[PDB]
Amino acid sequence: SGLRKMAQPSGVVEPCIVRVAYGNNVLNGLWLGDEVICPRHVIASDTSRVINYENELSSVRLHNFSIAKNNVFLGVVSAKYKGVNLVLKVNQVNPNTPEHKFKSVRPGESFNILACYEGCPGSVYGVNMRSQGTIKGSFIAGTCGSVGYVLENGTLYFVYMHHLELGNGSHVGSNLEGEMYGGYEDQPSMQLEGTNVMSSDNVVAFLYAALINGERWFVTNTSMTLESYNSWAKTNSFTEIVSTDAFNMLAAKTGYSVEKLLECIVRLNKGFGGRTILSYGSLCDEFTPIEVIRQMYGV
């Protein structure tokens, strides 16, 4: 038993990380085949300043890139943008390129961050995409280019690359197509996040986790229809529930329908009365249904 926020093992990703420096900027790249992908602000001459990305590209000196994986030195052959990323062709194919694909994560979905410090993998932890396209992680100077990934059905997907932090502390990256999650710009000027909407799917998963862990104090055989829950959700900053299917296994094992747990949400959102659930003091939307299934049942 027990519930902890987890990362999928990082081993297949770690050999793809390279250090990328240009000028005084130093961040991380993803080396696959003969291509390195990194955040394009590595070529900005002053990141404290609105960047004319287009003059920075047209005046780039390819030899002023410094790219290395331990004592493998990579030279840049060509450089272009793909959205908010630089796509650099390099002079050597990564011999440890794993089979992989690209996709985007959606709000509510969890994924893994390999946090890299100026080219060196340092830590790995799980996160969850919020409704405004941000994650709450732990990033500082030198960590841009840190990559997010997921392992599904035996295949590796790259889903995230880190670019910046908002004034409220939220963290903002792109997919590997160069599209910034949430639509934010890769510029130093002020950028605000809209209201956060809690993932109802994830909070249901959380309460199922609590029931599986033997913690049932909050639950009741009273239930609420999807429709009533969804009318309440819209006026309480919770997502609407589109279908119960993702919960079929949790409901089968526990014997609790989704609809009884929807009644729990509406009630518990008014407060826990100084009790806890899985040691949290308020509803937690950080665990997806599959995250719970993996941890509680091992599949």
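Just count from 1 along the sequence shown to find any residue number.
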Inset, instruction - Determine, for stretches 226-234 and 29-37, which one has the higher mean CA B-factor as deposited. - result: 226-234
Inset, instruction - Read off the CA B-factors in the entry, average them over 270-278 and over 255-263, and name the higher stretch. - result: 270-278
Inset, instruction - Have a look at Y208, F158, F73, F139 and flag the one whose Cα has the highest B-factor in the entry. - result: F73
Inset, instruction - Would you mind ranking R130 by its C-alpha B-factor against the rest of the chain and naming the third, lowest, middle or highest? - result: middle
Inset, instruction - For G23, return the chain-relative third of its C-alpha B-factor as stated in the PDB record: lowest, middle or highest. - result: highest
Legend entry - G214 - Cα temperature factor, lowest/middle/highest third of chain: highest
Legend entry - Third assignment of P188 from its chain's C-alpha B-factors: middle
Legend entry - Third assignment of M6 from its chain's C-alpha B-factors: highest
